[PDB]
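# Structural description and commentary
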Amino acid sequence: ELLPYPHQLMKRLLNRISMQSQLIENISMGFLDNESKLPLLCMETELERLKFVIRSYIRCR
Amino acid sequence: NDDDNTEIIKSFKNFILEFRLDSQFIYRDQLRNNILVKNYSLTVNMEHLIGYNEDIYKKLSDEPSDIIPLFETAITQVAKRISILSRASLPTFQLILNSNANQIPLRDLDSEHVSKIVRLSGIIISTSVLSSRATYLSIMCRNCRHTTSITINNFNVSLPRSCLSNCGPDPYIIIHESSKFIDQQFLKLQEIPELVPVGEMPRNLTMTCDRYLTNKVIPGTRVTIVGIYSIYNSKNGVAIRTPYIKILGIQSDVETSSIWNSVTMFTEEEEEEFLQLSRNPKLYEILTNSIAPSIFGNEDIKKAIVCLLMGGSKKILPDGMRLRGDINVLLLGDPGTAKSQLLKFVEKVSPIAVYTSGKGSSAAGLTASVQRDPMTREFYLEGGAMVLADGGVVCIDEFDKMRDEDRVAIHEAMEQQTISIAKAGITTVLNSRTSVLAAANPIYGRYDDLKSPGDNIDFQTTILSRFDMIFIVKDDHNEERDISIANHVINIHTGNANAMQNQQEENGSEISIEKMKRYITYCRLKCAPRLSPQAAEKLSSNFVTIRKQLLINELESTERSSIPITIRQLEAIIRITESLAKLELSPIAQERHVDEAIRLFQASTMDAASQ
Amino acid sequence: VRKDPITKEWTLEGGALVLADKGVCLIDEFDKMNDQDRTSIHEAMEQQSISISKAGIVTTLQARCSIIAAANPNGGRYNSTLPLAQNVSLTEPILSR
Amino acid sequence: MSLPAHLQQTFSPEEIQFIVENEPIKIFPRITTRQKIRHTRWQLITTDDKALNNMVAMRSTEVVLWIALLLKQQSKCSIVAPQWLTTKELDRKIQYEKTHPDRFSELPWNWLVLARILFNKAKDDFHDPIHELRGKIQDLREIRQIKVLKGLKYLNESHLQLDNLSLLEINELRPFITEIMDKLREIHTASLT
Amino acid sequence: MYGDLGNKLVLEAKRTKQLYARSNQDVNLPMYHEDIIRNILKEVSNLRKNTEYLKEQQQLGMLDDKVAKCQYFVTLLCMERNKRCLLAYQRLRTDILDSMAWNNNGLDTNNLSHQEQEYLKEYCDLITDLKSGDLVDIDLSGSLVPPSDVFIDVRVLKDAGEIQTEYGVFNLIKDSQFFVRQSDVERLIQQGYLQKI
Amino acid sequence: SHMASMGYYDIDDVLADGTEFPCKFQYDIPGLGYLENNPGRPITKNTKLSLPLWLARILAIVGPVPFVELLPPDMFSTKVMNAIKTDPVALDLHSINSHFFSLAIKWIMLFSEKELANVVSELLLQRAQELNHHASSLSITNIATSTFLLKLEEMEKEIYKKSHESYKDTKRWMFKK
Amino acid sequence: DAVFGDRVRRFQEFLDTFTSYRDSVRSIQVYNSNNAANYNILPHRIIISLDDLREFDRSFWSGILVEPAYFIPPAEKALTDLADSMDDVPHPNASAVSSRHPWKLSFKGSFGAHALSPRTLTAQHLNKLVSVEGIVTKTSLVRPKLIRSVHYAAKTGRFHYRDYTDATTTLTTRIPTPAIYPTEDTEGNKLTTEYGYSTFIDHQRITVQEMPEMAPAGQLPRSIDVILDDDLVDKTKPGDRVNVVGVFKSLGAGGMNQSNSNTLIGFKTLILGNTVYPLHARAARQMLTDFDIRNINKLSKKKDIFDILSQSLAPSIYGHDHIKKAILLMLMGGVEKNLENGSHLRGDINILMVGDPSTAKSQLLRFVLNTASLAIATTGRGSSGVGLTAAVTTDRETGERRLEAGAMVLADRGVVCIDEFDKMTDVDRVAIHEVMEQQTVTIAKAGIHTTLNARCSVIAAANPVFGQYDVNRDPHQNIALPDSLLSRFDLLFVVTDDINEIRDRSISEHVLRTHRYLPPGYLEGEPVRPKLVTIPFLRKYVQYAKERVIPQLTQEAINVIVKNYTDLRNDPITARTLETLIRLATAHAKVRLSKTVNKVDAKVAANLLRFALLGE
Ligand SMILES: Nc1ncnc2c1ncn2[C@@H]1O[C@H](COP(=O)(O)OP(=O)(O)NP(=O)(O)O)[C@@H](O)[C@H]1O
Ligand SMILES: Nc1ncnc2c1ncn2[C@@H]1O[C@H](COP(=O)(O)OP(=O)(O)NP(=O)(O)O)[C@@H](O)[C@H]1O
Ligand SMILES: [Mg+2]
Ligand SMILES: [Mg+2]
Ligand SMILES: [Zn+2]
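Residues numbered from 1 in each chain as written, not as in the entry; some residues may be left out. Chains lettered and ligands numbered in written order. Part of a larger assembly, values for the part shown. Heavy atoms only, no water. Residues with missing side-chain atoms left out of burial classes, pairs and counts.

Structure determination for this entry, per the PDB record, employed cryo-EM and reached 3.7 Å resolution.

Here is the structure:
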């Protein structure tokens, strides 16, 4: 079956991807001026892992 | 001694269960994959056995006949552990060996090798029927009626001389109902022609294989064997006994398929190379230049040899009428024109072929001969060159020097694709579906181009009509062509052409013998193309023009033509039209194939008749 | 091909172009051979092999000889006003070998 | 269509890896990120951020497996294998499997997937010698494959029960079990009036 | 009889279904059977002429209660069958064009009928309308292989010189190697400029 | 009536519906002689035609006495039922009909047959055991596999291709990244 | 003891359930009681359906197939104990009471993986019930095998007996009884052997060879030796295509005996035959239903039939309507007259096609070879005069001088297809005269002096001596053969491939349609693995027209035959040619399904002969 769409869940996640992707860019402006880079690497690879689940979800439906 | 065998067995169970490269337990996985498809065997590569524990390879190679049957039981014990639930049967597994030990030339086998694992190679000249060896005798006493059994392993045991518990001196009979048996086959292997010493006849071994190695070869195949060089006490000198090989691993060199009902033995890593190659827009240029790359010119003869290697398509009507799919070609011509060098090439590219000389041949040696077996004293039938070449090409060189009684035996095997026999109370029609490629000279050696074109040619219209393309290969003395040949031939002797043929293969302008042999073998199994309805409108409008042309040429010449056009030659142009569609793996034949098939027929049989 | 009197199945016996393999075969009075005998040489001149298919034996022997032949012209004497192809009873496929 | 044919009704093994990488795993950090009372910070949105900003070298902690593998790719972590990846606990499960033909043992849903990930990425972090662990993971893989082949003799129009089968062991069988039970159902419902 | 042209169209449909799944790449779908389809559409027109030529002959009196009850119904069933073969063939070729439009043109035109050259354009325009909107933050035409991989070594397989991409600049010198974040190079890997992973 | 699991656009259902079944006509009918390959004649009662299943399935239902009887087809004759019941694994169904299972389901719908539904449910379940062995067995093909895939229907080839790629992709993932 | 006695009651319950086996036993028992005792005799054998047995007890059925030496013996005991419960007869004779004549089983249908051929039969099949399909060769001579000796003890009046055991008599192994009669009793009385109360069974060994059509590429046909006994003996002859069911079994010690040192030889293996079914389609005859009979009779009324049937011969070959007409009359051959004073007159039409290359001479021989009920192919180079006639041999079972049949003897009451007929050696053509004149061959070699029947019709093909027919030369210049041998043929057709724009277009379109054929169920490009009749109906029509009709020559046809004979002869025609006219007229009367040769048959015979003579 085509299951019913998670309306409020999807609006929430598409906010957090927009806010988090702005945050990763803002933190990359501090690096122009400790200064350890693992949390930047994790915040970026988490958005790739999350954007994949939503793309794979929408492409499926 | 059985403490010692139990340690040898335990050490090989642990080879199967522990041997790993990368993440994968390659012998546990191979056992399970073989159990599911139900072949109870394991192939072991001996570099891995040396890599695990060299003491085991030492034990194995010191006395194979006593250690191979201990590794077979170690395989069965693992086979139970990995495929049956304990505390909730399989036969004795075969061990098959692969090796890269140095090949011993077949004539260098001597007393130094008795009982050793020996790797070698040769041409299979014969295969026997299958025979049954026991692996388990059920047993009962004649007198007291005690009952037991004997497990048998077939290296280098017999019925016991004592009742085991007066009961008598030879007490036991075999209960056939409860006994179990295995297949055994005898081969004979001749040595490779390029390894025979000067002036000697090629030497021969008999050898035996059993279980999953039986039926894995056919006469004429070139093979490498791993086996135990060993001895048997034949009744056929003093203190003397006959050598043979217990075969432990046949390995056919080119994946020549053996006894094979067209089954899908190819692998996706080569099938996807062929399925790209089919779709190359230049494919017919590539295959034409890959035929005999050291032979200059002869472009149409190469184009026709490519058609002959594919053949057309075989058909079977609701009438029951069978149509020939195989293409036959005649190279009739002047001396030193590469006719025999092209026959010696088609013998190597074709997946099955036989080269023969018509002067070195007989009717019986070509077709099938009645032999008398010295033991039964019965007659039996043996296949000649046409039966050995079945499903392939027979190359008949010196076809003009064949006797008139011998050439006629070929007439059935070129059209109806059978060899009929009625001799010594044998009667059969044997199947023999081959292309014939033949080479000949005219009467008077050269073509003598001023003389009547029928007075140059010896052959009757009965045999000439059985050839789909006849090439009258004239040599013409044009100085620009002779310089173009002279430069080319010198580049062969001086070793330049070797590097050019390597560079053209790397450039993709040419393909190797091994690749081409496997491409031909694939096209014969994936395509049998039909004519499109529009291809018939062209081939009909053409063939009636070819007959009008012939009738006019006969009216000038005041006689029946010696090279004929007949309806067997319409079917030649149809069959060529299909061969060109098999090259590119087309499911159908089209107006572009019909144009090239009419062109090749014009450049061969019709320009040969026009002389 | 020989048939044994005892085991009485077929085998190969090698001729002069096998017994001279990596060597020479010397053919005296080559013009006076029968044409049926003389034309057996055509494979062993160029391909340096002997391809038999007789009595269910189908195989190829090696035959890498040099052949030296001696002959007389037609009529027993050379006649210097004629072309070679008229001085000799041979033909282009064997003369070119 | 929008979704490739080989994904239309099942997961790829790489998607079954991606699902298993979302689980918590215990680690020993080789970095102290914890700030003293007497700097960049993680700020994640799919997992608990409060575990990573509080690492202290060699005191164990739990993190999501895809972060443990990303830290272990540098020298910056070591991955503590679960208790069931011990030669004792694997050998109790092998004994259970042999003892109960009728059932699969209570291995966790991800056991093949997690064994394959950690034997490649965390090969040095096992207390037992990894060649005996690979050996027993294979011993378990093979016994469960026999029990699966016994189970397929019972394909049915109504249902099956497959209690402790792994996600990777379900995912190889899915396009066979469901495709055959679908044709057994079509042949059955066709017979009904 | 009339369905026998339809069966040849669907045997070509089946062969292109096999072709496109067996071969590992995106193959170019084979050329549209404009001729077989014109034969089928011509036969449907003759079945229409037979419905007209029957429907009048009912009033002229030729035992229509039996005769038309069967003849109309069989003529109609032949046209249902020809519609199904044409639609089954045209839907399969549609499924492959949508697969191209996501897989490749999301990031051979001689073979397509003019309606399919048009449809493929309108469907590529629909794909870009979905990703150009809300849901823009995720590149819907992007990869369905999960991001198990963070940085990757990539070997540059064809020369392409200095090129821009949204995230940065690379000089794609033949047989140089980069170690770079997978998310930056993934579209260049798909275009086949890069090798590894 | 039609069942939703076999689709309109489903090519192997379009092809299955194309296969001919033997049919006896129960009426005289003018104009329909094109079914007998002669348009000029009428159809005559007790003519024994072979009609495609997409025509025969519908003519068997309407006319009570309908236009056609379906005669029992060769592929569901007692000979084939006996061969199915002795050795399901050895049987060469691809020679009996390339679409045998799709056609079996259509025949079991068209006449409710608990008897044929049992025989075909068993044939499927027994051949499915071998389909799993040949799909599971991965080389590091054999004759003993290739001799079975040649005995194999256009329905069971989908299940084989799909199951084999499922085992193969799992091996491909376990034994390299 | 224990499991045998259960399997007996388990099979007894099957025979009680499927009552058609009691009915079959009853039918045999009353027929033998009528013809032997009350007044040609039926065997004590029952063919069971293996499908009835599968559905009654799958565990007995799988025992019969996989362990037959443990399940056929108790099943034959159960059937024998049934027949003895049914049997009633007053005052039975001593040979009946002494007979050792139990009931034997035979099997139908559905062997599954146990259906095999001589090549696929393998050591994994030993001790299993198998069906094998092949061509029969080398049938050995029949010999009586001793299985019980009865003895009479003079000075006591007791009849003793002994039973005998051999590895081919029984499915289970027994200690082999040494073939020596008791000479003296247990007590010491002299024993006399009672032949006629003693029991012997007929025994024969046959070789079944793989069908050459099925043999894989470049491999020669394999074979199995089959043992046949009691009532299966002579149910086959060499050249029969056959399906044999039997237990595949091993024999001997196989070199496990210290009398031999070889260690490479294997056990001997045989099939003990339980039943034999003959075949001829590529099933030895068509059984004809009341519907087949209705169709054959109704079709014979249509005046066009001689065209309908002859066009339905070889429909892929274009033209040659007059040769295909002569082939139809050769198949429905004329009537033989066994006249007194040795005056036997042949019924059999002989056809020689001599002609240009590529005219379907060989493709019409290969049609005759397919459609005829018995046909033997030969070719001129492939045939010895020995292998055409009969060859001397030793029968390896018995050590004795024997004849093997040649192609002209195997083809008795059938057709011989001799291709390449002009390529036969002069010594081999001597053998063809005897068959064509005297329908027999005479053997005088090895101390065998005999006459064999060879009552066959020769169809033959040849080319003229110059490879195409030279119209500037006589028939006796063009055709290689002695005019004596040419007089033994009825219809010497001469055929040419002559250029004509309309005919060459017409045959060209026909072969291009013929090459476009797609066999049903194959895909495009996949490799192979107003009136006409289908060939399986034409085979039924020909069989009916030979088993049902024997036309009588009649004055209406005589008034035509002598009119046309005297016209032909008064402007090569000889006394033999009058008998050809009578054969063609008698053959055509069979095509019309009629008991009398009418004026129409004599006219069609004269036109068809005048075509072959004049090339009309
Ligand atoms: N066109 C060519 N290109 C290259 N080599 C050639 C060519 N023509 C002849 N030769 C060489 O010259 C020799 C020709 O001998 P061969 O190929 O046996 O001639 P042939 O045509 O069979 N003549 P023949 O046996 O006399 O009728 C071989 O060594 C060839 O390689
Ligand atoms: N009239 C024809 N109609 C159709 N095919 C024909 C016809 N005549 C000959 N052929 C084809 O020509 C080919 C040769 O026929 P075949 O019977 O082998 O020739 P043949 O007359 O016996 N000639 P030959 O063997 O040389 O003496 C076969 O493929 C035939 O089907
Ligand atoms: Mg040469
Ligand atoms: Mg012929
Ligand atoms: Zn004893």
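Having put the structure on the table, let's press on.
### Description of the overall build of chain C
Going by this rule: Numbered from the N terminus, helices here are DSSP runs of H or I no shorter than four residues, and strands are runs of E no shorter than two. In what follows, residue pairs with any heavy atoms lying within 4.5 Å of each other are defined as contacts.
On a plain count of helices and strands, chain C comes out with five helices and six strands. Helices and strands appear in chain C in the N-to-C order β-β-α-β-α-α-β-β-β-α-α. If you line up chain C on its principal axes, its C-alpha atoms span 60 × 25 × 20 Å. Considering only residue pairs separated by 6 or more positions, chain C has 58% of its internal contacts joining residues 24 or more positions apart.

### Considering the interface of chain B and chain G
Formally: Residues are grouped as follows: nonpolar covers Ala, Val, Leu, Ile, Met, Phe, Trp, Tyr, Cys and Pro; charged covers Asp, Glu, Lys and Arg; every other residue, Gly included, is treated as polar.
Of the residues lining the interface, 106 residues belong to chain B; the matching set on chain G comes to 93 residues. The element that contributes the greatest number of residues to the side of chain B that touches chain G is strand 6 (residues 172-190) of chain B, accounting for 13 residues. Its residues assigned to classes, the side of chain B that touches chain G comprises 50 nonpolar, 30 polar and 26 charged.

### Observations regarding the pairing of strand 12 (residues 351-355) of chain G
All names here are of chain G. Note the following rule: Partly exposed residues are those whose accessible area sits between 20% and 50% of the maximum for their type, while under 20% is buried and over 50% is exposed, using a 1.4 Å probe and protein chains only. Strand pairing requires that DSSP identify at least two bridges connecting the strands.
The buried fraction of strand 12 amounts to five of the five residues, a majority that puts the element mostly inside the structure. Side chains of strand 12 alternate between two faces, with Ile 351, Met 353 and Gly 355 and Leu 352 and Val 354 buried alike. Here strand 12 runs beside strand 19 (residues 457-462); their pairing, made up of four bridges, is parallel. Each bridged residue has a counterpart across the sheet, and for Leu 352 the counterpart in strand 19 is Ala 460.

### Describing empty space enclosed by the protein
To be explicit about the condition: Two kinds of site are reported from a 1 Å grid over the protein atoms alone, namely cavities, where a 1.4 Å probe fits but cannot get out, and pockets, open sets with protein on both sides within 12 Å along at least five of seven lines, and residues are called lining when an atom falls within 4 Å of a point. Grid points are joined across faces, edges and corners, and a volume is the space filled by probe spheres set on the points.
Quantified by volume, the second largest cavity comes out at close to 140 Å³. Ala528(B), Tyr517(G), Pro519(G), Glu526(G) and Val528(G) are, among the 14 residues lining the second largest cavity, the residues nearest its centre.

### Quick notes on the site of ligand 1
We apply this condition: For each residue, the test is whether any non-hydrogen atom lies within 4 Å of the molecule or strand; if one does, the residue is near. We define a polar contact as two N or O atoms separated by no more than 3.5 Å, with the added condition that, inside protein, one atom must be a possible hydrogen donor and the other a possible acceptor, whereas residues neighbouring each other in sequence contribute only through side-chain atom pairs.
Contacts to ligand 1 come from 14 residues, most closely from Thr337(B), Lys339(B), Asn441(B), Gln47(C) and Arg97(C). The local environment of ligand 1 is shared, drawing residues from chains B and C. Here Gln341(B) contributes a side-chain N or O atom positioned 3.0 Å from an oxygen atom of ligand 1. With respect to ligand 1, the side chain of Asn441(B) contributes an N or O atom lying 2.8 Å from an oxygen atom. At three residues, helix 9 (residues 339-349) of chain B tops the list of elements feeding residues into the shell around ligand 1. Of the residues in the shell around ligand 1, the class split is four nonpolar, seven polar and three charged.

### Re a nonpolar patch on the surface
Residues and elements named next belong to chain B. We count it as follows: Patch criteria: residues need more than 30% relative accessible area and no salt bridge. Like-charged residues are merged within 9 Å; nonpolar side chains of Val, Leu, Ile, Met, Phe, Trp and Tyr are merged within 5 Å. Residue exposure ignores everything except the shown protein chains as possible cover, and the areas themselves are Shrake-Rupley values with a 1.4 Å probe. Salt bridges, as used here, are contacts in which a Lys or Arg side-chain nitrogen is within 4 Å of a carboxyl oxygen on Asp or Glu.
A cluster of nonpolar residues, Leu 551, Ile 552 and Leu 555, forms a patch on the protein surface that exposes about 290 Å² of accessible area. Tracing the backbone shows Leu 555 in helix 19 (residues 533-557). According to the relative accessible area criterion, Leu 555 is exposed, its value standing at 61%.

### Considerations on the sheet that holds strand 13 (residues 353-357) of chain B
All names here are of chain B. Condition: The axes are straight lines fitted to the C-alpha atoms, using for helices just the contacting stretch, and the angles between their N-to-C directions are given from 0 to 180°.
Pairing is parallel in the open sheet, where five strands are placed in the order 13-16-19-12-20. Here the strands that pair on one side only, and so sit at the sheet edges, are strand 13 and strand 20 (469-473). Neighbouring strand axes in the sheet, compared pairwise and without regard to direction, differ in orientation by 10° on average. As paired elements, strand 16 (residues 393-397) and strand 19 (residues 435-440) share four bridges and run parallel to each other. Bridge pairing links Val 394 to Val 436 in strand 19.

### Regarding the arrangement of the chains
Where 12 pairs of chains are in contact, the pair with the most contacts is made of chains B and G. Taking C-alpha atoms only, the smallest gap left between chain A and chain F, which are not in contact, amounts to 13 Å. There is no contact between chain C and chain F; across them, the least C-alpha separation is 30 Å.

### Description of a positive patch on the surface
What counts, and what does not: The charge count treats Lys and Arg as positive and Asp and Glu as negative. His and the chain ends do not count. Think of each charge as sitting on NZ of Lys, CZ of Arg, CG of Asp or CD of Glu.
A cluster of basic side chains, namely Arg372(B), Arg377(B), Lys3(C), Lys8(C), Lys268(G), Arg396(G) and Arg401(G), defines a positive patch on the protein surface. On the secondary structure map, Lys268(G) appears in strand 11 (residues 268-279).

### Some words on the site of ligand 2
In the neighbourhood of ligand 2, 20 residues make up the surrounding shell, with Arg466(B), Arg568(B), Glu571(B), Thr359(G) and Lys361(G) lying closest. Close to ligand 2, residues of chains B and G are found. At a separation of 2.9 Å, a nitrogen atom of ligand 2 approaches a polar backbone atom of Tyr318(G). Protein contacts shield 97% of the accessible area of ligand 2, which totals 630 Å² for the unbound molecule. Looking at the shell around ligand 2, the elements with two or more residues in it are helix 20 (567-583) of chain B together with helix 10 (361-371) and helix 16 (501-515) of chain G.

### Some remarks on the packing of helix 20 of chain B against helix 21 (residues 591-609) of chain B
All names here are of chain B. Filter applied, for reference: Every angle not falling under 35 degrees, over 145, or within 65 to 115 is termed oblique; those three ranges are roughly parallel, roughly antiparallel and roughly perpendicular. Two helices crossing with the near one rotated counterclockwise from the far one by less than a right angle form a left-handed crossing, whereas a clockwise rotation gives a right-handed crossing.
Look at helix 20 against helix 21: their axes get within 8 Å of each other, and the N-to-C directions meet at 125°. As far as their axial angle goes, helix 21 and helix 20 are oblique. The interaxial crossing formed by helix 20 with helix 21 has right-handed handedness. Taken together, the residues of helix 21 that come into contact with helix 20 (itself represented by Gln 569, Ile 573, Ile 576, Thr 577, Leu 580 and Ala 581) are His 593, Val 594, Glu 596, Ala 597, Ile 598, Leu 600, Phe 601 and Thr 605. Tallied by class, the residues present in the contact of helix 20 with helix 21 amount to nine nonpolar, four polar and one charged.

### With respect to the sheet that holds strand 1 (residues 151-156) of chain E
Residue and element names in this part refer to chain E. Taken in spatial order, the three strands line up as 4-1-5 in an open sheet, and their pairing is antiparallel. Only two strands of the sheet have a single partner each, and these edge strands are strand 4 (177-181) and strand 5 (194-195). Here two bridges tie strand 1 to strand 5, and the two strands are oriented antiparallel to one another. Paired with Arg 155 across the strands is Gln 195, a residue of strand 5.

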